[PDB]
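> Have a look at this one.
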Amino acid sequence: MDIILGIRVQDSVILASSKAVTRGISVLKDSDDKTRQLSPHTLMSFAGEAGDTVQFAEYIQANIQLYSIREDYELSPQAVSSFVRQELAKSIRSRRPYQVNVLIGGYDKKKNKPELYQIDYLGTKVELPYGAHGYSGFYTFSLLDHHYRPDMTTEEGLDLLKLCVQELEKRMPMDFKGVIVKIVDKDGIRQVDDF
Amino acid sequence: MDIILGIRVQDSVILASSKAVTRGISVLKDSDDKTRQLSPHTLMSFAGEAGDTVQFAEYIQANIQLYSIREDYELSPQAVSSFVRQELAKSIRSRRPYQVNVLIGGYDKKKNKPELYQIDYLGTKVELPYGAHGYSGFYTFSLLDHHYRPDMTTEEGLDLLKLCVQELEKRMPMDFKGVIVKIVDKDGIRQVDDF
Amino acid sequence: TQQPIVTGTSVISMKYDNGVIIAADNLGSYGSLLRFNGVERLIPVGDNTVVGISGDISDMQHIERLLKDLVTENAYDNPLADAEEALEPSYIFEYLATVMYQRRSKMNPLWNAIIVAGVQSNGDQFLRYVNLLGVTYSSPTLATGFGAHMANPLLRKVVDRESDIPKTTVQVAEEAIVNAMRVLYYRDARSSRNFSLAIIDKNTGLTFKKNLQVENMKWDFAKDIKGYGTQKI
Amino acid sequence: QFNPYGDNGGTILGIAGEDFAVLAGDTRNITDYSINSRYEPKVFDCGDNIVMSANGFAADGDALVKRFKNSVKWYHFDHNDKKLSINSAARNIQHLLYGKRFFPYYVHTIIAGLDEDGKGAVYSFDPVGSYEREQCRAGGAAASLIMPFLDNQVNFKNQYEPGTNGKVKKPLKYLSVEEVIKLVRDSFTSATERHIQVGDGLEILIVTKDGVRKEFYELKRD
Amino acid sequence: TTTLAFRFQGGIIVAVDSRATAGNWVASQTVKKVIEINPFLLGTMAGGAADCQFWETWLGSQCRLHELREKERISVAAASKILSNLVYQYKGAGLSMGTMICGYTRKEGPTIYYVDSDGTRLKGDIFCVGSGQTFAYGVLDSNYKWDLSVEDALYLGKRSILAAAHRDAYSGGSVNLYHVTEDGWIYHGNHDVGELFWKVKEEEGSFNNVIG
Amino acid sequence: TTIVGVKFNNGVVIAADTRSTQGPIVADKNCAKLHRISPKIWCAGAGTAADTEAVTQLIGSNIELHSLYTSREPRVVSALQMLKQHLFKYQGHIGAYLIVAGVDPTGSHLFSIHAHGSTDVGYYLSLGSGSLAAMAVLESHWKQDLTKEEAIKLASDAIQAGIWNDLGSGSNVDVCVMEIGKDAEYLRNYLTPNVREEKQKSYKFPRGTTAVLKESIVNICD
Amino acid sequence: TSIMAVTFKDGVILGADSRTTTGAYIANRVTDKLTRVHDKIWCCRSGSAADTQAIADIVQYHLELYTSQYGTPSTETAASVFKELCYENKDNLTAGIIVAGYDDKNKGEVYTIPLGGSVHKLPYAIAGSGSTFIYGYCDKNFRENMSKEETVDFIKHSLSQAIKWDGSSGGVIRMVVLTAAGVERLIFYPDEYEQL
Amino acid sequence: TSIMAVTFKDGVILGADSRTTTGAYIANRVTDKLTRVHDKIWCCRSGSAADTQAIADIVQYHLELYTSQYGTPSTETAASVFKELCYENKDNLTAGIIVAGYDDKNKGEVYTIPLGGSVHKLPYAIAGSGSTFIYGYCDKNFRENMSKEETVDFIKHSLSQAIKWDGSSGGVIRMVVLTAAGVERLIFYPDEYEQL
Amino acid sequence: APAX
Amino acid sequence: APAX
Amino acid sequence: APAX
Amino acid sequence: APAX
Amino acid sequence: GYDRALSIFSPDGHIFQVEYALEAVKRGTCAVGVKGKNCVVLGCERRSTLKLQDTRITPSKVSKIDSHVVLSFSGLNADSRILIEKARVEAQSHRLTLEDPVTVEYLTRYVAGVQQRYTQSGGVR
Amino acid sequence: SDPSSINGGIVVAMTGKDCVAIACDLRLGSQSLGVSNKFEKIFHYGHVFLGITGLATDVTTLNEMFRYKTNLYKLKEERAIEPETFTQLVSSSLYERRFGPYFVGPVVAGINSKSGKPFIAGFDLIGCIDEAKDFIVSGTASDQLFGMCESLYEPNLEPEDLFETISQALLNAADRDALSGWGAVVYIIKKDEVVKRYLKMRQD
Ligand SMILES: [Cl-]
Ligand SMILES: [Cl-]
Ligand SMILES: [Mg+2]
Ligand SMILES: [Mg+2]
Ligand SMILES: [Mg+2]
Ligand SMILES: [Mg+2]
Ligand SMILES: [Mg+2]
C-alpha cells in the first residue's frame with residue numbers, strides 16, 4: 001500500500017495512488033489500483049493493513065451501491081464521507097479494527113463543487129484542498145503549501161501532482177512503482193493512462 | 001548501504017555497489033561510493049551498520065597502505081583477505097563489534113588470476129566466482145547460477161551484472177538509486193561511468 | 001489455571017500374586033509448613049478398590065465427593081448393585097481419567113496425581129495411574145512425586161516385570177512398600193512418619209490399615225559425623 | 001503457569017510391503033528422566049484392518065485413538081456396515097486433528113493397513129492434520145535417528161548400481177515381511193542405544209488380508 | 001517451499017517443489033503442493049502444510065457445490081475469493097498460507113490469483129511464493145517472455161524451481177509441473193532434483209559454482 | 001549421571017555409570033567418570049562433563065606439586081579444600097558435582113562437593129540425576145561395618161538402580177577401591193549388563209555403491 | 001534449617017537440626033551445622049551451605065592468625081569478623097549465622113548475625129526457616145541463668161517443635177556445650193525428641 | 001491477622017486480634033474479626049477484609065434461608081457452605097476462615113478452611129499471619145476438655161505471643177464464647193495481655 | 001487493600 | 001506444524 | 001543449591 | 001555442552 | 001418468539017394460507033410481462049378510483065433490483081417492499097463475493113426461495 | 001541466533017581394520033541461503049586429521065590456531081604431533097575459552113605412527129573429549145548421523161568397505177537436514193597413504 005494523495009482544484013478532485021504491492025523483500029505487483037468507485041461521482045482510495053484495505057473498500061462500495069439502487073439517487077460526497085467515517089469510528093473499538101486510511105474524492109452535483117475528504121482508520125475526518133496518508137504527507141504537504149492555488153485547472157493540478165511524485169521518487173526510501181491517477185469532476189470518474 | 005555484488009570472470013573482478021544512503025524516510029544521498037582501494041590491484045566494497053562501514057574500510061586501507069610503504073611491495077589479494085578476516089574475527093568478540101560485511105576483489109599479479117572474497121561481519125571468509133551481501137543474494141545467486149560461465153570476458157561480466165541490477169530494480173522493495181561499478185584487473189582498478 | 005495450596009506427597013503401590021498394595025502418608029503440607037497431620041489420602045470405593053491421591057487436597061476432597069456420589073448413582077434402579085453390577089476398579093478409574101483430561105482441556109485442572117488400586121471381579125489385579133494432565137499408565141509398580149524417584153527403584157527390585165507377580169507374596173510386597181515409606185521419610189522434606197496402607201486381595205478382600213509408623217530407623221552413625229571436612233571435634 | 005502438554009517419549013515406525021504393512025512402536029512411557037512404564041502399548045487395532053499410533057503426548061494420543069475407534073463404529077452404523085478404507089480413515093483423521101487446529105493434539109500419528117487393491121499402505125500425519133501416504137515413516141522422539149536409515153534401506157536412497165559410474169540407481173522393490181521385521185528390529189535397537197526415551201520393549205502389529213498379528217521383542221532397559 | 005505460476009501466450013505454467021520442513025528437519029521430500037480442484041482449476045500450497053492442505057481441499061468442495069447449484073463451472077475469481085474471504089475471517093488466528101488459484105474459464109481466459117492468509121488477493125500474470133520465491137523470481141524474470149513456446153515455458157518453470165531448490169535450504173525434493181489451457185490442466189510429471197540438477201548442469205552448462 | 005561413594009572396614013569405594021547425554025541423545029556409551037586426583041585419591045564427577053574433567057586435573061596437578069614440595073603423600077582434605085575453594089570462587093558456573101574419596105596417612109575419607117562449593121561428609125553418598133534411585137538402594141541396604149566385598153556390591157547395586165530407573169544413566173558400572181595400606185584398584189567396566197544384542201542383518205554395502213566424483217592422494221609427508 | 005544458641009549459668013549451648021535441602025529433596029540428613037572457629041568459639045550456620053562454610057573457614061583462619069599474634073580472641077571479636085564478611089558481601093551472601101563462645105571473664109555470649117550483616121548480642125538467639133514456628137514457645141519458656149540440664153531441655157523442646165512444623169528441618173538434634181569444663185557434643189535422635 | 005478457635009468441655013471459644021492493615025498502616029485498630037453466621041455458629045476471618053466480609057454475608061444469608069425451611073443448621077453444614085464458596089472461587093479469593101459452632105448434640109466444633117478451600121475438622125485451629133509464631137506454643141499447651149477459664153487463658157496467652165511477634169497483628173484481643181448457656185463476648189486490652 |  |  |  |  | 005404454524009395442510013392436501021395469499025394476488029392491479037427478440041417489457045395497470053394522487057413521489061410499480069434487472073408484482077404492496085429489499089441486498093452481496101452481477105434466474109430463484117420459506121416457518125404468513 | 005546452526009554442516013569419523021575414515025559435507029550457508037559449495041571442514045597437521053563443524057568463522061580460526069600450535073610443537077619436539085596428543089591440545093585450547101567459547105564441534109582422526117593404532121575422538125564446544133572405538137558424529141545433522149552410524153556400522157571394515165559405510169551414513173543424514181549437504185568429502189586414512197574422495201550427492 002503506502003502512497004495515496006489527493007488534490008482538489010477549481011473543478012475536480014485528483015487522486016494519485018501508488019501501484020506497488022510489497023510483501024517481505026519482494027514487490028509482488030506493480031500495477032495495483034488502490035481505489036474503488038463508490039458512486040458515479042465519488043471515488044475512494046485506500047492504504048493500510050494487508051487484506052483489511054480491499055475488504056473495507058469493497059464493503060463501503062457495496063453499501064453505497066445498495067443505497068443508490070434503493071432510492072434511485074446518488075448520495076452527496078459529504079454524506080458518503082460521513083457514512084464512511086462512522087463505519088471507521090465504530091470499527092476502532094471493535095474486537096479487530098479495520099486498519100485502513102482513505103481519501104474520498106467526489107464531485108457534488110447539487111453544489112457543482114469538487115470535494116476531498118481525508119479519513120484515517122480512527123474515523124478522523126477532515127475536508128481539505130489537498131491530502132495524503134502515511135509518510136507521503138511529510139514531503140507533499142509543505143510542497144503543496146508552497147505551489148498550490150485554490151483556482152487551479154485540472155491540468156495545473158496534474159502538474160502539481162507531478163512535482164509531488166517527483167519529490168517522493170527522489171527522497172522516499174522505497175520503490176512504490178509510480179502512481180495511478182484518477183480525476184473526479186462533473187462528468188464522473190476517469191483515469192489518466194500515462195503518468 | 002544494502003546492495004553490494006561481485007562477479008569474477010576470466011581476467012577481472014567486477015564490483016557493483018548501490019549509491020543510496022538512507023536514514024529514516026529520507027534518501028540523504030544518491031551518489032555514494034561504497035568502496036575503498038586497499039592497494040593498486042585490490043578493491044573492497046562494504047555494507048552494514050551506519051558509521052561502522054567507512055570507519056572499518058578506511059582502517060583496513062590505512063593498514064594495507066602502511067604495509068605497502070614498509071616493504072615496497074603489494075600484498076596478494078589472498079593475504080589482504082586473510083588480514084581483513086582476522087580483524088573481523090577479533091571484532092566479533094569485542095565490546096562493540098564492527099557490523100560490516102565486505103567483498104574484496106583483487107587481481108593477483110604473481111598468479112595472473114582475478115580473485116573475489118566474500119567476508120561477513122563474523123569473519124566468515126569464502127572465495128567465490130560471484131558474491132553478494134544482504135538481501136541482494138536472494139535474487140542474484142540463482143540468476144548467476146543460471147547465466148554465469150567461468151570463462152566470460154569483462155564485457156560479458158558487465159552484461160551479466162546488468163541482469164542482476166535489473167532484477168533487483170524489479171523485485172526489491174527499496175529504491176537503492178543504481179550502482180557504481182568498478183573493474184579490477186592486471187592494469188589496476190577503474191570505474192565504469194555510465195551504468 | 002491453578003496453583004496447589006494444601007498438598008499431599010507420594011502415593012506408592014504395587015501388584016503381588018493375589019492383589020495390590022497401596023500406601024500414602026497422612027500429611028497435608030502448606031508449602032514448607034507441615035500444617036495438617038490427620039489427612040487420609042487413600043479412599044476406598046466399595047470393597048474392591050482404593051484410590052490414592054497426591055497433590056492439592058481441596059481437589060482431593062472434591063474427588064472424594066465425586067466417588068461417593070458415583071456409588072450412590074450406581075445403586076439407583078440397580079438390583080445387582082452389590083453383585084454383578086457393583087462398581088469395578090476399571091470403571092472408577094476410567095471415570096476419573098475422563099474427568100482429569102476434561103479439566104486439563106478446559107485449562108482448569110484438578111491438581112492431583114491419582115493411583116487407582118484394586119481387584120476386578122474376575123480376580124485380576126488393577127493398578128493404574130492418572131494425573132492433572134490426563135496422562136495414564138499401568139505398571140507392576142506405580143508411585144507419585146518423590147515416590148516415583150525413590151520407591152519405584154526399590155519396588156521394581158521385587159517386581160521387575162509381569163512374570164515376577166505370581167512369585168511375589170503379600171508379606172514380601174508389604175515389606176517392600178513399608179521399607180519404601182521409611183526411605184521417603186529419610187529423604188522427602190514434605191513427608192510424615194505416619195501413614196495408611198491398604199491391601200486389596202482377591203481372597204481376603206480389602207484390608208485398610210490406619211496409623212502406621214515408620215520404624216527401625218538408622219540414625220546412630222550421625223554421632224560420628226563431625227564438621228564438613230577438616231574439623232575434628 | 002499451568003502447561004496443558006507433556007512429553008511421554010517413545011518412538012514409532014511404519015513400513016508397507018506389497019501385500020502387508022507393519023506399525024511398530026516401543027512400549028516405554030516416560031516423563032522427564034523417569035520411567036512410567038516399561039510396557040504401555042501405543043499401537044492399536046482399530047477394526048476394519050487399520051492399525052494406528054499417535055505418539056508424543058500420551059493423553060492426546062489416547063483421546064485421538066479413542067475418537068477414531070468411535071468414528072469407525074459410527075461409520076458402520078450410518079453406512080450399512082461398510083468397510084472403512086484406509087484412504088477414508090486417513091481423511092477422517094485429518095478432520096479429527098484439524099478440528100483442534102487452535103489447541104492441537106501434540107502427537108505424530110501413523111496408521112497402517114491395506115489399500116482397496118490389497119496393497120500395503122502407511123499414512124502419516126503432523127499434529128494438526130497434514131497427511132500423506134508413504135512406503136515408510138518413523139515418528140516420535142527417535143524419528144530423526146531412524147528416518148534416514150529407512151530412506152537408505154527401504155527406498156534405497158544414495159545407493160547406486162556398482163560399476164555403473166553412479167549413473168544407475170539401485171532399483172526399487174518391495175520387501176518381504178521377514179526383511180521388514182529385520183529393519184524394524186534393527187531400527188529400534190539402534191534407536192535404543194542412542195536415545196534415552198526409547199527402550200524396554202518393541203511391539204509390532206502386522207496387517208495382511210487375513211487380519212492383524214502381533215509380535216513382541218525385548219529392548220534394552222537402561 | 002517454492003511455488004510459481006505464470007501466464008503466457010500458450011496458457012499458464014504451474015511449478016512447485018515437494019519439500020516440507022520442521023525447522024531444519026526435512027520432514028518430507030514428496031509433498032504434493034498442487035491440488036487439482038477441478039479439470040480447469042489448480043491451487044498451489046505454501047506455508048502451513050495442514051492449513052494449506054485442509055482449506056484447499058475444502059475449497060474444492062465449495063467449488064463443486066457452486067456447479068451443482070448454478071449448473072456451471074465456478075470462475076477463477078469467485079473460487080479464489082471464497083478462499084480469501086475464508087482466511088480473512090480467520091485473520092489474526094495464525095493461519096499461514098500463500099496460495100495461487102490457477103485456471104481457465106471461457107469468460108475469464110487463463111487467470112491466476114495470488115491469495116494469502118493476511119487476506120491479500122491479487123490478479124496477475126507472474127507470482128512466486130514461498131521461502132524460495134526470490135530465487136525462483138531471479139531466474140524466471142530474467143528469461144520470461146510472453147511468447148515462450150509451451151516447451152520453453154515448461155522448462156523455464158521447471159528450471160526456476162530447480163534454482164530455488166538448490167539455493168534455498170527449505171526447498172527441494174522434486175519439481176511438479178502443470179500446463180493449463182482452454183481444455184483444462186495437463187500434468188507434466190514429477191522431476192526428482194536428485195537427477196534433474198546433474199542433468200541440467202551437464203546439458204545447460206550452468207551451476208559452475210558447484211564441484212562437477 | 002549416577003555416582004556413589006561407600007565407606008567400609010578399611011577404606012572406601014566409589015562407583016559410577018558410564019553414560020554421557022546431550023539432551024535426549026546418548027553422546028557417549030562408555031565414558032570414564034572416575035578420575036585419579038592422586039594415586040590413592042579418586043574422584044567421581046557428575047554435571048558438566050568438561051568441568052568435572054578440567055577441575056579434577058587442575059587440582060590433581062597442584063596436589064602432585066604440593067606432594068613433591070612437602071615430601072608427603074597427599075591427603076583427601078587437601079583435594080577437598082582446593083576443589084571447594086575453586087568451585088566457590090566460580091559461584092556455581094563451573095558445573096562440577098563430585099564425590100571425592102581416598103586413603104592417606106590420616107586414614108580413609110569420603111566427601112561430596114556441590115558446584116557452588118559446599119562439602120558433605122558421609123559413609124554413603126550419591127550424586128547426579130540418578131542419585132535418588134541410588135540413594136533409595138543405599139538407604140535400604142547400607143549398614144555400619146561393611147566388608148570390602150559388601151561395599152563393592154552395595155555401590156554397584158546403587159549404580160544399577162540409576163542405570164535401570166534413570167534415563168540420565170546407563171551402560172556400565174565403573175568401580176574404584178581404595179583400601180588402607182594397599183594400592184587403589186581401578187575397576188573399569190566392572191559390570192557390563194547392557195551389551196548390544198546381535199544385529200539382525202549386516203549393512204555392509206556392495207563396493208562401488210557410493211557415487212564418487214574425484215580421487216586424489218593426500219600428502220601427509222614432508 | 002532450625003538453629004539456636006542459649007546462654008546459661010555456666011556458659012552457653014548451641015543447637016541445630018541436621019537437614020540439608022536441595023529443593024524438597026533432603027541432600028543430607030545428618031549435617032553438622034554447629035562449627036568451630038576457635039576452641040571455645042563456635043557458630044550455628046543457616047542459609048546457603050556453601051556461603052556459610054566459606055565464611056566459617058575464613059573466620060577460623062583469621063582467629064588462628066589472631067591467636068598466634070595476640071592470644072585468645074574474645075567472642076565479640078569473633079562475631080565482629082563474621083559481621084565484616086557478611087556485611088561487606090551482603091549482595092552475594094545468604095548466611096544467617098549465630099556466634100556463641102565462652103570466655104572466663106565474660107562467661108557465655110551469643111551474637112546473632114541475620115541476612116544484612118547487622119550484629120545483635122542476646123541472652124539467646126534462634127534462626128533458620130524453622131525458627132519462625134518457635135518464637136512464641138521460646139519467648140514463653142526462656143529464663144536467664146538456667147542450669148545445663150534445663151538449657152538442654154529448652155533447646156531440645158524448642159528444636160523438636162521447629163522440626164515438627166518446618167519441612168526444611170529434621171534428622172537429629174545436635175548440640176554443643178561450652179563451659180569452663182571444656183567442650184561437649186550432644187546428639188538426640190527422632191525417637192526421643194519427636195514424642196516430647 | 002491472628003485468629004484461633006478452641007473446643008473445650010462446655011463448647012467452643014473463638015479469638016482474634018483487632019488489626020486491619022493497609023500496608024504498614026493500621027487502617028483499623030479495633031476491628032471485629034469474629035462474625036456471626038447463625039445464633040451459635042460463628043467464624044474468624046483472615047486474609048482480604050472485603051473477600052471475607054462478602055463470603056460471611058452470603059453464608060449468613062444461606063443459613064437464614066436454611067433455617068426458614070429446615071430448622072437449625074449443623075456447624076458442619078455451615079462449614080460446607082463456606083467451603084463451597086471458597087473452593088469454587090479459589091482463583092479470586094484470599095480468605096482464611098475458621099468456622100466454629102455449638103450444637104447440643106455435637107457440643108463444640110471447629111472447622112478450618114485455608115486458602116485453597118479445603119476443609120479440616122480439628123480440636124482447635126489457628127490461622128492468620130501471626131499464627132506462624134505460635135504453632136510451637138499452641139501445640140505444647142493445648143489439651144482437650146479444658147475449662148472455660150483455662151481456654152480463655154490459652155487463647156489469651158497464644159494471641160498475646162502472635163501479636164508480640166507479628167507486626168500485622170495487634171490492638172485488643174476479642175473472644176466469643178459458645179455454650180448451651182448462650183453467647184458471650186469478651187475483650188482484653190494491651191495493658192493486660194502484653195505483659196503476660 | 002485492607003488485609004486481616 | 002511443518003511448513004512448505 | 002544446598003540450603004540449611 | 002554434554003552432561004553426566 | 002411467536003411460533004404458530006399458520007401455513008398447514010388441510011384434509012384435501014391444500015395449504016389454505018398459501019391459496020388465500022393467491023386470492024390477494026388476484027385482487028391486485030394487473031401486471032404483464034412480454035419479452036421481445038432483444039428486450040423485455042413490463043406493463044402495469046394502476047386502478048383509477050384515485051385522483052389527487054401525486055405521481056412524482058408515489059411508489060412506482062416496477063422496481064430496479066440491480067441496474068440490469070427489474071421486478072414488478074401484483075398483490076399486497078407492503079409485502080412487495082420486503083421482497084424487493086431482500087432481493088436488492090442479495091444483488092449487492094452476489095457482486096461482492098462472486099465479482100459478477102446476478103443472473104435473472106439466480107435472483108428469481110432467491111426471491112422464490114424467500115417466498116417458500118414463509119410457507120413453512122412458524123409465526124409468519 | 002543459535003551460533004551452532006547459522007552456517008550448517010556435518011562431520012563424521014569411523015574406525016576400520018588398520019584404518020580410519022573422516023568425512024564432511026561442503027555446505028556453507030547463512031540460515032536458509034546457501035552461500036558456498038566448497039567449504040571443507042576437515043584439515044590435517046602432518047598425519048593427524050581434524051574436522052570442525054559449527055560457526056564457520058570459528059572453524060576457520062581454530063584451523064589457523066592448531067596449525068600455529070602444531071608447527072611450534074614440531075620445531076621444539078622434532079617430530080610430528082600424534083592423534084592422542086593433538087586430542088589433548090584441542091581439549092586444553094577449547095576449555096581455555098570456557099566462558100566465551102568457540103561454537104564448534106571438532107572431531108579428530110588418525111593413526112598413531114608408533115603403535116599403528118587407529119584413533120578417533122570428538123569434542124563439545126568446551127573441550128570435553130569423547131573417545132570411541134567406532135564412530136564420532138558432529139554438526140546440524142548429528143541426530144541423523146547417530147542413527148545412520150549406529151545401524152550401518154560394524155567393526156573391522158576394510159578401507160574400501162569402510163568408505164561405503166561412512167559415505168552412506170553421511171549422505172543419508174545430510175539429506176534429512178536442510179542445513180547440511182551440497183557436496184561431501186571422504187578421507188580414507190591408512191598407516192601411510194591417505195585417499196581423498198569427493199562424493200556425488202543431491203544438490204538441494
Ligand atoms: Cl553444611
Ligand atoms: Cl473486617
Ligand atoms: Mg535407550
Ligand atoms: Mg534446498
Ligand atoms: Mg555466594
Ligand atoms: Mg521436619
Ligand atoms: Mg540437505
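Ligands are numbered from 1 in the order shown, residues from 1 within each chain, and chains are lettered A, B, ... in the order they appear in the C-alpha cells.
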Please write out the residues within 9 Å of ligand 3 as a PDB file with N, CA, C and O atoms, in the first residue's frame, counting only C-alpha atoms and all ligand atoms.


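As written to disk, result_1.pdb reads:
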```pdb
ATOM      1  N   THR D 189      16.668 -51.149  18.067  1.00  0.00           N
ATOM      2  CA  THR D 189      17.847 -51.402  18.898  1.00  0.00           C
ATOM      3  C   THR D 189      18.863 -50.269  18.742  1.00  0.00           C
ATOM      4  O   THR D 189      19.453 -49.827  19.722  1.00  0.00           O
ATOM      5  N   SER D 190      19.051 -49.799  17.511  1.00  0.00           N
ATOM      6  CA  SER D 190      19.898 -48.632  17.247  1.00  0.00           C
ATOM      7  C   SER D 190      19.366 -47.390  17.959  1.00  0.00           C
ATOM      8  O   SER D 190      20.115 -46.671  18.623  1.00  0.00           O
ATOM      9  N   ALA D 191      18.068 -47.144  17.810  1.00  0.00           N
ATOM     10  CA  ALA D 191      17.404 -46.024  18.473  1.00  0.00           C
ATOM     11  C   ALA D 191      17.520 -46.115  19.995  1.00  0.00           C
ATOM     12  O   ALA D 191      17.715 -45.101  20.669  1.00  0.00           O
ATOM     13  N   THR D 192      17.398 -47.330  20.526  1.00  0.00           N
ATOM     14  CA  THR D 192      17.526 -47.571  21.965  1.00  0.00           C
ATOM     15  C   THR D 192      18.934 -47.241  22.470  1.00  0.00           C
ATOM     16  O   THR D 192      19.091 -46.683  23.558  1.00  0.00           O
ATOM     17  N   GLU D 193      19.947 -47.594  21.678  1.00  0.00           N
ATOM     18  CA  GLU D 193      21.342 -47.300  22.017  1.00  0.00           C
ATOM     19  C   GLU D 193      21.589 -45.812  22.242  1.00  0.00           C
ATOM     20  O   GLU D 193      22.283 -45.431  23.188  1.00  0.00           O
ATOM     21  N   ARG D 194      21.014 -44.977  21.377  1.00  0.00           N
ATOM     22  CA  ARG D 194      21.367 -43.558  21.324  1.00  0.00           C
ATOM     23  C   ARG D 194      20.295 -42.583  21.803  1.00  0.00           C
ATOM     24  O   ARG D 194      20.562 -41.386  21.883  1.00  0.00           O
ATOM     25  N   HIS D 195      19.099 -43.070  22.121  1.00  0.00           N
ATOM     26  CA  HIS D 195      18.044 -42.198  22.639  1.00  0.00           C
ATOM     27  C   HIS D 195      17.532 -42.712  23.984  1.00  0.00           C
ATOM     28  O   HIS D 195      17.133 -43.871  24.105  1.00  0.00           O
ATOM     29  N   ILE D 196      17.545 -41.839  24.990  1.00  0.00           N
ATOM     30  CA  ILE D 196      17.252 -42.238  26.375  1.00  0.00           C
ATOM     31  C   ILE D 196      15.772 -42.565  26.601  1.00  0.00           C
ATOM     32  O   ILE D 196      15.438 -43.403  27.435  1.00  0.00           O
ATOM     33  N   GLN D 197      14.897 -41.903  25.850  1.00  0.00           N
ATOM     34  CA  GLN D 197      13.447 -42.134  25.910  1.00  0.00           C
ATOM     35  C   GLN D 197      12.955 -43.378  25.153  1.00  0.00           C
ATOM     36  O   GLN D 197      11.761 -43.683  25.188  1.00  0.00           O
ATOM     37  N   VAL D 198      13.854 -44.083  24.467  1.00  0.00           N
ATOM     38  CA  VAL D 198      13.492 -45.296  23.729  1.00  0.00           C
ATOM     39  C   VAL D 198      14.134 -46.525  24.371  1.00  0.00           C
ATOM     40  O   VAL D 198      15.329 -46.521  24.666  1.00  0.00           O
ATOM     41  N   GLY D 199      13.337 -47.575  24.576  1.00  0.00           N
ATOM     42  CA  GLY D 199      13.830 -48.824  25.162  1.00  0.00           C
ATOM     43  C   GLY D 199      12.744 -49.754  25.682  1.00  0.00           C
ATOM     44  O   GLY D 199      11.589 -49.677  25.261  1.00  0.00           O
ATOM     45  N   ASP D 200      13.140 -50.649  26.588  1.00  0.00           N
ATOM     46  CA  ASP D 200      12.239 -51.578  27.302  1.00  0.00           C
ATOM     47  C   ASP D 200      11.637 -52.701  26.451  1.00  0.00           C
ATOM     48  O   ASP D 200      11.899 -53.876  26.704  1.00  0.00           O
ATOM     49  N   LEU D 219      13.681 -54.986  24.536  1.00  0.00           N
ATOM     50  CA  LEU D 219      14.697 -53.975  24.236  1.00  0.00           C
ATOM     51  C   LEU D 219      15.443 -53.610  25.515  1.00  0.00           C
ATOM     52  O   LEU D 219      14.944 -53.840  26.619  1.00  0.00           O
ATOM     53  N   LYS D 220      16.639 -53.046  25.357  1.00  0.00           N
ATOM     54  CA  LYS D 220      17.487 -52.690  26.499  1.00  0.00           C
ATOM     55  C   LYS D 220      16.761 -51.754  27.463  1.00  0.00           C
ATOM     56  O   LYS D 220      16.073 -50.824  27.040  1.00  0.00           O
ATOM     57  N   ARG D 221      16.931 -52.008  28.759  1.00  0.00           N
ATOM     58  CA  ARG D 221      16.113 -51.382  29.800  1.00  0.00           C
ATOM     59  C   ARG D 221      16.807 -50.240  30.549  1.00  0.00           C
ATOM     60  O   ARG D 221      16.314 -49.799  31.590  1.00  0.00           O
ATOM     61  N   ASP D 222      17.926 -49.747  30.018  1.00  0.00           N
ATOM     62  CA  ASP D 222      18.676 -48.671  30.676  1.00  0.00           C
ATOM     63  C   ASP D 222      18.277 -47.284  30.164  1.00  0.00           C
ATOM     64  O   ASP D 222      17.421 -47.141  29.286  1.00  0.00           O
TER      65      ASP D 222
ATOM     66  N   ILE F  25      19.862 -37.361  23.602  1.00  0.00           N
ATOM     67  CA  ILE F  25      20.774 -38.228  22.856  1.00  0.00           C
ATOM     68  C   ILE F  25      21.902 -38.731  23.752  1.00  0.00           C
ATOM     69  O   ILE F  25      22.442 -37.972  24.556  1.00  0.00           O
ATOM     70  N   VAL F  26      22.259 -40.006  23.600  1.00  0.00           N
ATOM     71  CA  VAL F  26      23.421 -40.572  24.283  1.00  0.00           C
ATOM     72  C   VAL F  26      24.679 -40.238  23.485  1.00  0.00           C
ATOM     73  O   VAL F  26      24.941 -40.836  22.440  1.00  0.00           O
ATOM     74  N   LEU F 167      16.789 -42.246  33.232  1.00  0.00           N
ATOM     75  CA  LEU F 167      17.078 -42.074  31.804  1.00  0.00           C
ATOM     76  C   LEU F 167      18.386 -41.314  31.574  1.00  0.00           C
ATOM     77  O   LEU F 167      18.941 -41.345  30.476  1.00  0.00           O
ATOM     78  N   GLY F 170      23.077 -45.008  32.255  1.00  0.00           N
ATOM     79  CA  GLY F 170      23.009 -46.281  31.551  1.00  0.00           C
ATOM     80  C   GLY F 170      24.344 -46.963  31.345  1.00  0.00           C
ATOM     81  O   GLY F 170      25.353 -46.581  31.940  1.00  0.00           O
TER      82      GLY F 170
END
```

> With only C-alpha atoms and all ligand atoms counted, collect every polymer residue having an atom within 12 Å of ligand 7; state the result as a PyMOL selection string.

(chain D and resi 148) or (chain E and resi 19+21+24-29+165-173+193-194) or (chain N and resi 8-10+25-29+32+34+140-141+144+170-184+201-204)

> Kindly give the distance, in Å, that separates CA of residue 114 (chain C) and CA of residue 129 (chain C), rounded to a single decimal.

5.6 Å

> Could you write out as a ChimeraX atom specification the residues of chain G within 7 Å of chain C, counting only C-alpha atoms?

/G:24-26,30,32,35,165-168,187,189

> Neighbouring residues of ligand 1 are defined here as those with any atom at most 9 Å from a ligand atom, counting only C-alpha atoms and all ligand atoms; list them as JSON, numbers by chain.

{"C": [227, 228], "F": [118, 119, 120], "G": [18, 19, 20, 28, 31, 32, 33, 34, 45, 46, 48, 49, 50, 52, 53], "K": [2, 3, 4]}

> Please report, as a ChimeraX atom specification, each residue of chain B to which DSSP assigns alpha helix (DSSP H) when run on this structure's backbone.

/B:52-71,77-91,137-147,154-171

> What's the 7 Å shell around region 204-213 of chain C, counting only C-alpha atoms, without same-chain residues fewer than 3 positions away, as a list in words?

residues 47, 48, 193, 194, 195, 196, 197, 198, 199, 200 and 201 of chain C

> Counting only C-alpha atoms, a student should be able to say which residues of chain B come within 6 Å of chain A; what is the right answer, written as an NGL selection string?

:B and (25-27 or 171-175)

> Please indicate the distance in Å from CA of residue 4 (chain A) to CA of residue 95 (chain A), rounded to one decimal place.

27.0 Å

> For residue 177 (chain H), please output as a list in words all residues within 7 Å (counting only C-alpha atoms; exclusion window: fewer than 2 positions along the same chain).

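Once the adjacent positions are removed, what remains is residues 12, 13, 14, 175, 179, 183, 184 and 185 of chain H.
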
> So how many Å separate CA of residue 134 (chain D) and CA of residue 44 (chain D), to one decimal?

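Between CA of residue 134 (chain D) and CA of residue 44 (chain D) the gap is 19.4 Å.
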